[PDB]
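Visitor: Mind looking over this structure? Questions follow.
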Amino acid sequence: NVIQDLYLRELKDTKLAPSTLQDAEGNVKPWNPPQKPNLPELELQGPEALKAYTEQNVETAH
Amino acid sequence: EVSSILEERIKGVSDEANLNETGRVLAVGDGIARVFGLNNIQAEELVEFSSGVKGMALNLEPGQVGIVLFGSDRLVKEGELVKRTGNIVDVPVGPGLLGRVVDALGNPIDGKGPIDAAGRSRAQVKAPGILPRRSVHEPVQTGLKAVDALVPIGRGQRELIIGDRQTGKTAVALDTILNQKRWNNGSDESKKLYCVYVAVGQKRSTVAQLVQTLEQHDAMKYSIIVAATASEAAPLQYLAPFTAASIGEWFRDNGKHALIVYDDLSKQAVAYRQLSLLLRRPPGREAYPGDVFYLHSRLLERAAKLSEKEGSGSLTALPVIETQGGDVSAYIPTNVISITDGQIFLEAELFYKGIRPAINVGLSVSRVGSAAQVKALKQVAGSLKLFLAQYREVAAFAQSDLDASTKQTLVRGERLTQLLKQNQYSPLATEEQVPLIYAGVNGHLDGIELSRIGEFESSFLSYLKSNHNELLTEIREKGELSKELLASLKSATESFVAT
Amino acid sequence: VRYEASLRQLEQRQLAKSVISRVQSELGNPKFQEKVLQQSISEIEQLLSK
Amino acid sequence: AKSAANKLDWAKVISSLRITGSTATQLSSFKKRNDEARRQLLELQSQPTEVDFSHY
Amino acid sequence: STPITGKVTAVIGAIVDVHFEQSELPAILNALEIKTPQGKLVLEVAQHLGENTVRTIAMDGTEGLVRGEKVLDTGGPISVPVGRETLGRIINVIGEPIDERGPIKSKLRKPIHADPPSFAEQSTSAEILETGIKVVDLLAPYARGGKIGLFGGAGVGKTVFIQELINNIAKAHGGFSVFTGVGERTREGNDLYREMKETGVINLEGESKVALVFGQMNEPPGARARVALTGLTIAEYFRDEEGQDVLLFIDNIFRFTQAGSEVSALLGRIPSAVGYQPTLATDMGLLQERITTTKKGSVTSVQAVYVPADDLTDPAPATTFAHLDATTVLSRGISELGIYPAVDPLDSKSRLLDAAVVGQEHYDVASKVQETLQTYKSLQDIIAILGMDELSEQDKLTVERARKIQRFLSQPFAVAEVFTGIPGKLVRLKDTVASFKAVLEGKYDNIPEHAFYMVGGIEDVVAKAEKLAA
C-alpha cells in the first residue's frame with residue numbers, strides 16, 4: 001500500500017540526475033603545470049673560479 | 001535505468017501482516033540479545049528480527065531465552081520484535097551449487113549463477129547406521145606420487161593434512177581438486193567427486209587467490225566454496241563445516257561421491273570458544289571449551305562410505321589442521337587425530353630446505369590406507385617404502401666418509417627424494433605416476449646424477465608416449481601390472497637410460 | 001573515470017533519501033490518518049480469518 | 001660522449017698512481033658518472049605531454 | 001521519545017554506566033557525551049544491561065567524572081574527518097586537532113566504523129612493492145593488496161624498520177598514505193613528526209603524502225582501541241571515493257590487541273587463549289578485510305607487531321601470523337651482530353611469493369640462498385663438536401658462500417644513523433637478483449665477506465672490493 005504509494009511519488013518527482021560539472025571538478029584532482037626546471041649548481045662563477053682553481057692545485061707530491 | 005530493475009523488485013515487496021510468536025529484547029550485549037518470550041520454540045531454531053537479523057536459541061530457559069545473534073548489534077535495540085520463523089537451521093542442497101561460491105547461508109556472493117535447489121536439509125543431522133556401510137577400497141589419485149603410494153587415499157576415507165602455518169597446506173589439498181577434474185570430464189557419475197573447499201574463519205583476500213587459481217584451470221564448474229570469513233561472525237564460522245557437508249549429502253544420497261576439504265578446524269574451535277565464553281559455558285583445556293570434542297566428532301562421522309543400497313556413494317573427507325610450529329599434543333589437534341583415520345604431517349624443515357610440498361612421509365601413517373590403493377602402484381612401491389625408510393635412519397650419519405654400505409643407501413634415497421620433489425599445482429595421471437616409480441625401485445634412476453633427475457622425468461615420459469602410448473593406456477585402464485607389461489616396462493627403461 | 005563509476009551509485013542514493021522526503025509529506029498530510037486506517041482494516045481481515 | 005667520460009676515468013685511475021693523493025680526482029670522477037646515469041633513467045621516464053580525449 | 005538525559009550510575013575505571021530515562025530504548029555502538037572540564041568525554045556503548053542502562057567504555061578521562069552529571073545521547077559511532085585536506089595534520093582519537101591549526105578541514109565525514117567489503121568487491125594484486133632493502137627484496141617481497149607484518153621482539157629496531165620504509169617507498173609512489181600511531185610513547189611521536197616534516201611528507205598545507213593520527217597510551221584502554229578504526233577510515237575514503245592507492249602504515253598493532261584484552265575481562269567476557277580477548281579472531285578479521293584491493297584503490301598496510309617474551313609459538317602472535325600476508329621475523333641477536341636489518345633470511349615468508357609473479361630467475365636465486373644458509377645451519381652443529389676440517393670440500397665452500405651471503409644482508413640506513421651514522425641506500429629489485437646469483441655461481445667468491453658488509457646495490461659491491469685491498 002504504503003511502499004507502492006511512497007515509491008510512486010518519489011520515482012515520478014525525482015529521476016536519476018547527473019551532477020553539475022562544477023560539483024564534479026571540485027571532487028577530482030586539480031591539474032597543476034610544471035614549474036621551474038633548475039639552474040645547475042654553482043661552484044663559483046666569474047673570475048672567482050679562475051684564480052681559485054689555478055692557485056689550489058699548484059702542489060703535487062712525490 | 002538501474003531504477004527500473006529496482007522498480008521491478010519494489011513492486012515484488014508488499015505489506016505482510018500475519019506473524020507468529022514473538023519476543024522483545026530485554027538487554028542486548030556482545031551479540032547476545034536476551035529475549036522475553038519464545039516459550040515454545042524448537043532447540044536451536046531460527047528466529048528472524050524486525051530489523052532483519054537472524055539468530056539461533058542455544059539457551060532455552062523459562063525466565064529468558066538467550067538468543068545468539070548472527071549480525072549487527074547496532075540494528076538491535078531494546079524492546080524489538082523477534083519473530084519465530086518456525087524452522088530449525090537448514091540451508092538449501094542441490095546440484096546447482098557446482099561452480100558457485102556461496103556464503104555460510106548458501107547465497108551467491110561472487111554474483112555468478114542462480115541456486116538451483118530441490119530440498120533444504122538441516123545443518124545438523126545424525127550419521128547413518130552400521131548397515132549403511134561398505135569397506136573402503138576405492139582409490140583416489142591426488143597427483144602427488146608420495147601420498148598415493150606410501151599413505152594411499154580412499155573413498156569415505158578421512159585422514160589429516162595437519163601441518164605448520166603457511167607451509168603450503170593449501171597446495172597439498174588444491175592438487176587433489178584439480179585432479180578430480182579427470183573423472184569429471186567423462187560421464188560415469190559414480191566416480192565423480194564434486195569437491196567442496198570450506199574456508200572457516202579464513203579471510204576473503206586468501207580465498208580470492210583460491211577462486212582465481214580454480215578459475216584459471218577451469219575448475220569452477222564442480223568445486224563449491226562455502227565461506228565464513230575472518231570478518232564474518234562466530235555463528236556463521238561455527239556452522240560453516242555443517243553447511244558444507246550437507247551439500248555433499250545430496251550427491252552422496254543420489255548415489256554419487258563428493259569430497260570435502262575442511263580448512264581449518266583450528267579456526268572452527270576458535271569460533272566455538274568465542275560462543276562458549278560469552279554464554280559462560282564450562283572451561284577446558286587451553287581455555288577452549290571442554291565440549292569441543294563433541295562438535296568435531298559429530299561432523300567427522302558423517303564422512304563415510306555407504307552401502308550399495310544407499311546408491312554406492314560416500315562423503316570423502318580431508319580435514320586441514322593448523323599447528324603452532326608442529327604441536328600435535330595441543331588440545332584441539334589431539335581430539336581430531338584420534339577421531340580420524342590417518343595423518344599426513346608436513347614439516348617446517350623440508351620447506352626451508354627448498355622441498356615444496358614439505359610433506360614428510362615418514363611421520364605419515366594411514367590406519368586404513370592401502371586397502372584403497374591402485375594395484376599398479378602397490379607393486380612398484382612396496383619397495384619404495386623400504387628404500388626411503390632405511391635412508392632416513394642412515395641419514396642420521398653425516399659427512400667425513402663412512403662405510404661402503406651406508407653411503408649407498410643415501411645415494412638411492414636422495415635420487416628418489418628429488419623425484420618426489422615436484423612443482424605445486426601440477427597433477428599427474430596413473431599412467432605417468434606408475435612408470436617413474438619403477439625406474440627408482442629398479443635402480444635405473446638411482447644410477448643417474450641428482451642434478452639430472454629433474455631432466456630424466458620428462459624425457460622418460462615423452463619417450464614412452466612416442467614409442468608406445470599403448471602400454472600407458474593399458475596400464476591405466478587395467479589398473480594393474482601383468483608379467484607381460486612388467487617384462488616390457490624394464491626393456492623400455494633400458495633404452496631410455498642408454499640415451 | 002572513478003567518479004563517473006561512483007556517480008551511477010550516487011544516483012540511486014539520491015532516490016533513497018527521496019523516500020524519506022515523501023515520508024515527511026505523509027506524516028504532515030492526512031495520509032497520516034487515511035493510510036494508517038488502510039493499514040488497520042487489512043489487519044482486521046487477516047486476523048478474522050485466524 | 002658518456003663513453004668518452006668512462007674511457008677518460010680509466011686514464012685518471014692510472015694518473016692517480018703517478019701523483020700522490022687523489023683527493024678530488026676520485027670525487028670528480030664519481031660525481032660525473034653518477035649524475036650522467038641519473039639523467040639517463042630520468043629520460044626513460046620522460047614522455048611527451050598529451051591528453052587522451054579519445055579514450056578517457 | 002528519546003531522553004537527552006542520563007545520570008551516571010557507576011564509575012569503576014574506564015567502565016561508565018548511565019541511567020537513561022523512560023522510552024530511550026538504548027542501542028549498541030552509539031556515542032554518549034558527557035560535558036566535563038577535559039572537554040567532551042566520549043562513551044562508545046558496548047552493552048546495554050537492560051531497563052535503559054548502558055555499560056560503556058571511555059575514550060577520555062574519568063578522574064573527574066561526576067556522578068549525577070547529565071549524559072546526552074548523540075547516536076552511532078563518532079564521525080572523524082576524511083578528504084585530501086586531512087593530510088599532514090595530527091588527528092586525535094576523538095577527531096580533534098592536537099596540532100592546533102584551527103579545525104581539521106572537511107568536505108565529507110564518515111564514521112570510525114565501516115562494514116568490510118564483500119567478495120564481489122575484492123580483487124587480486126598485480127603490482128610489486130620494492131622496498132630497497134636487499135633481504136626483503138630477494139627472499140620475501142610484498143605486493144599491493146598485502147597485509148605486511150613486521151613480527152619481532154623488542155630491541156630489534158621496530159620503529160627504525162617502520163621509518164626506513166617511509167624514507168624510501170613513501171616519496172616514490174604516486175599515492176598519498178596514512179600513518180596511524182596506536183598506543184605509543186611521547187618520544188616516538190615527536191621523533192616521527194620532526195623527521196618527516198623535514199623530509200616534506202608532513203606539510204602545513206594539505207594534500208600531503210601522509211596523514212598523522214596520534215593516539216597515545218596515557219589515554220584510557222578504549223581510546224587506544226579506536227585510534228586505529230579512526231585512521232583506517234581515512235584510507236577507505238581514498239580507496240573508494242577519491243580512487244587513490246594508499247600505502248598505509250600502522251604502529252604497534254599489539255597495543256590494539258592488548259587494549260581489547262584489558263576491557264574484555266571487565267565487560268564480563270572471561271579471558272580465552274590465556275589472558276586474551278575471546279574475540280581475538282573476529283576483531284582482527286574485521287580490521288584486515290577493510291585493508292585490501294578492490295575495484296578501485298589498493299590499501300596496502302605495513303603493520304608493526306610485537307612478539308612477547310621473544311617467543312613466537314605463543315597464541316597471540318600465532319593467530320596473527322595467519323591474518324597477515326607477508327610476514328618477516330626479526331630478533332635481538334641479528335641486530336647486535338651488525339647485520340642491519342635484523343630480518344632473518346629463512347623466516348621471511350610471503351603468501352604473495354610465486355615463481356612467476358616475481359619471475360623465474362629471482363625465485364631460483366632466492367631458493368639457492370635458502371638452501372645454502374640451511375646447509376650452513378645444519379653444519380653449525382658439526383663445526384661445534386667435530387671441527388671445521390672434517391667437512392667435505394663441497395660443504396666447506398657452501399660454508400664460505402653462506403658467510404658471504406650472511407654479511408650481504410647488511411645495509412645501513414639513514415634512520416639508523418643513530419647506530420652506524422652512514423646514510424641509507426636504494427637498491428633496485430633486478431640488482432639484488434643479479435649480485436646474489438653471482439656469489440652462488442662461484443664467480444664472485446673472489447670477493448671477501450667484509451666487502452658485502454655495508455653495501456648498497458651491485459656498483460657498491462665492486463667499489464668495496466678495491467677499498468679493502470688498499
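Residues in the C-alpha cells are named by chain (A, B, ... in the order shown) and by number from 1 within that chain; ligands are numbered from 1 in the order shown.
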Using only C-alpha atoms, determine which residues of chain D fall within 12 Å of chain A; present them as an MDAnalysis selection string.

Guide: chainID D and resid 16:25 35 49 51

Visitor: Determine which residues of segment 8-50 of chain D DSSP labels as helix (DSSP H, G or I) from the backbone of this structure, then write them out as a count of residues only.

Guide: 32

Visitor: Quick check: residues of chain C within 12 Å of chain B, only C-alpha atoms, returned as a PyMOL selection string.

Guide: chain C and resi 8-16+38-50

Visitor: Excluding same-chain residues fewer than 5 positions from residue 40 of chain E, what lies within 12 Å of it counting only C-alpha atoms, as a ChimeraX atom specification?

Guide: /E:31-35,58-62,64-65,70-72,74,94-96

Visitor: Once you count only C-alpha atoms, which residues of chain A turn out to be within 12 Å of chain B? Could you give them as number ranges by chain?

Guide: A: 1-8, 10-12, 14-17

Visitor: Can you tell me, as a list in words, what residues are no more than 8 Å from segment 137-144 of chain B when counting only C-alpha atoms, ignoring any on the same chain fewer than 2 positions away?

Guide: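 What passes the distance filter is residues 135, 146, 147, 148, 152, 153, 154, 155, 175, 176, 177, 179, 180, 370, 371, 372, 373, 374, 420, 422, 426, 427, 428, 429, 430 and 433 of chain B.
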
Visitor: Could you turn the residues from that selection into a file that holds C-alpha atoms, as a JSON list (two decimals), in the first residue's frame?

Guide:
[["chain", "number", "residue", "atom", "x", "y", "z"],
["B", 135, "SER", "CA", 34.71, -51.32, 3.24],
["B", 146, "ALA", "CA", 54.27, -39.85, -2.39],
["B", 147, "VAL", "CA", 50.80, -39.60, -0.94],
["B", 148, "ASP", "CA", 49.23, -42.19, -3.36],
["B", 152, "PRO", "CA", 47.14, -44.05, -0.03],
["B", 153, "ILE", "CA", 43.91, -42.11, -0.25],
["B", 154, "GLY", "CA", 40.36, -43.80, -0.41],
["B", 155, "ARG", "CA", 36.70, -43.01, -0.73],
["B", 175, "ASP", "CA", 46.23, -30.64, -6.12],
["B", 176, "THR", "CA", 43.55, -33.21, -5.35],
["B", 177, "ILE", "CA", 40.57, -30.94, -6.58],
["B", 179, "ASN", "CA", 42.94, -33.97, -10.11],
["B", 180, "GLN", "CA", 39.27, -34.66, -9.64],
["B", 370, "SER", "CA", 46.34, -49.26, 1.23],
["B", 371, "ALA", "CA", 43.07, -51.16, 1.12],
["B", 372, "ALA", "CA", 42.28, -48.22, -1.12],
["B", 373, "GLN", "CA", 45.26, -48.20, -3.45],
["B", 374, "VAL", "CA", 45.80, -48.88, -7.14],
["B", 420, "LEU", "CA", 59.25, -36.78, -5.24],
["B", 422, "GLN", "CA", 57.52, -31.83, -7.72],
["B", 426, "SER", "CA", 50.78, -29.93, -11.15],
["B", 427, "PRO", "CA", 48.69, -33.17, -11.05],
["B", 428, "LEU", "CA", 49.69, -36.41, -12.59],
["B", 429, "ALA", "CA", 47.77, -39.21, -14.34],
["B", 430, "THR", "CA", 48.03, -43.03, -13.16],
["B", 433, "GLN", "CA", 52.94, -41.94, -11.89]]

Visitor: Set out as CSV a contact list for chain E and chain A with a cut-off of 12 Å, giving each residue of chain E that qualifies its closest atom pair and distance in Å to one decimal, counting only C-alpha atoms, ordered by chain and rising residue number.

Guide:
residue,atom,partner,partner_atom,distance
E:83,CA,A:27,CA,9.7
E:84,CA,A:29,CA,9.8
E:85,CA,A:27,CA,11.7
E:107,CA,A:27,CA,9.3
E:108,CA,A:27,CA,10.8
E:207,CA,A:29,CA,10.2
E:238,CA,A:28,CA,11.8
E:241,CA,A:27,CA,9.2
E:242,CA,A:28,CA,7.4
E:243,CA,A:28,CA,9.5
E:244,CA,A:29,CA,10.6

Visitor: So how many Å separate atom CA of residue 252 of chain E and atom CA of residue 304 of chain E, to one decimal?

Guide: 5.0 Å

Visitor: Do you have the atom CA of residue 310 of chain E-atom CA of residue 180 of chain E distance handy?

Guide: 24.5 Å

Visitor: Select residues of chain C: the criterion is any atom within 12 Å of an atom of chain D, counting only C-alpha atoms; output as a PDB file with N, CA and C atoms, in the first residue's frame.

Guide:
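Contents of the output file part01.pdb:
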ATOM      1  N   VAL C   1      37.125   8.960 -14.393  1.00  0.00           N
ATOM      2  CA  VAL C   1      36.622   7.611 -14.666  1.00  0.00           C
ATOM      3  C   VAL C   1      36.092   7.003 -13.325  1.00  0.00           C
ATOM      4  N   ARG C   2      36.821   7.168 -12.201  1.00  0.00           N
ATOM      5  CA  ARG C   2      36.393   6.688 -10.892  1.00  0.00           C
ATOM      6  C   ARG C   2      35.129   7.250 -10.364  1.00  0.00           C
ATOM      7  N   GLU C   4      32.842   8.854 -12.218  1.00  0.00           N
ATOM      8  CA  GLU C   4      31.758   8.510 -13.138  1.00  0.00           C
ATOM      9  C   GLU C   4      31.140   7.247 -12.728  1.00  0.00           C
TER      10      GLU C   4
END

Visitor: Please provide as a list in words all residues within 6 Å of residue 322 of chain B, with the sequence filter that same-chain residues fewer than 6 positions apart are discarded (counting only C-alpha atoms).

Guide: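 These residues fall inside the cut-off: residues 163, 164 and 266 of chain B.
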
Visitor: By how many Å are atom CA of residue 361 of chain E and atom CA of residue 411 of chain B apart?

Guide: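 We find that atom CA of residue 361 of chain E and atom CA of residue 411 of chain B lie 28.6 Å from each other.
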